[PDB]
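One chain follows as structure tokens, the form deposited in one PDB entry.
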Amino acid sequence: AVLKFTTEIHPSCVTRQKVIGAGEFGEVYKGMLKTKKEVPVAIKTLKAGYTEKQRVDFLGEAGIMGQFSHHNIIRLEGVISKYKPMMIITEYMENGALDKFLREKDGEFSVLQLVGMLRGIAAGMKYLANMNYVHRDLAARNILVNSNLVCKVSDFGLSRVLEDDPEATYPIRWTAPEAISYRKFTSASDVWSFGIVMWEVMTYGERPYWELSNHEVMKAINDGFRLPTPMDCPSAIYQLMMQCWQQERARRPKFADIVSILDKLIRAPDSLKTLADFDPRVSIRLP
């Protein structure tokens, strides 16, 4: 039923040009779509021999995305299902995944730009939550960035989301305690993950909890430790991420609250000049 909302695209309208992602059962390409001149698109394929579950999971991502229409959610152009290999075609995000982007652009943005990226992510997440969609895998690696610096939530589906992410192990350090301990994934566990994303953005893609093992992370969280403030981080931003990490689900902000706060800070940007204290890990003394 959900696929009837998607446009079926003829293969002659699609040219794959360059591989930008890859796995065992398909690749992601940058390419062009010619329905105006040709427009750039991203193209994900599913290779022949796929199972019934793989087909349901693959087209299910497109079916979910076709239900959404929001500035901060990746837009679906259409699908190729009548021909093989099958494909999903979306808008092309020129700057790729947010985690890699920030690590390759360390120090290159203003604090206001970084906070603007978080407001966009939060707006997309508010929309998903209100559409009754729990993401389960919110992380900077699953946000895409375009040439306007707009961040859009990516990576949709059911079981395929955690199955396909190599960070998800039998990822812990993005996941709220109740989701780990008793499998309770909700929009409030997505808020926990969003707090981790805030820390990823403000640190230019530092890995959460550094080299602590998964067990060490869980033990630290259960004992009350939390990630320390990033360098040069507005106090209001650190306070907000901390509240995303409340152990008690009910004490966490909703995405509605997050969007409202971030919007107010951006609209009075001097509010971002007050920085949380950074605890230095190296002492440099000079006479």
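The numbering used is simple: start at 1 and walk along the sequence shown. In this text, the rigid core denotes the largest set of C-alpha atoms whose superposition between the two forms falls within 1.5 Å.
What comes next is about the form deposited in another entry, which is not displayed.
Fit the rigid core and compare the CA positions between the shown form and the other one: of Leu46, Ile261, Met242, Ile221, just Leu46 moves by 2 angstroms or more.
The Cα shift for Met231 between the shown form and the other one, taken after rigid core superposition, is smaller than 2 angstroms. Core-aligned CA deviation for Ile74 between the shown form and the other one: less than 2 Å. With the core superposed, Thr15 shows a C-alpha displacement of at least 2 Å between the shown form and the other one. The gap between the Cα atoms of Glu24 and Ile180 is smaller in that other deposited form, by no less than 3 Å, than in this form.
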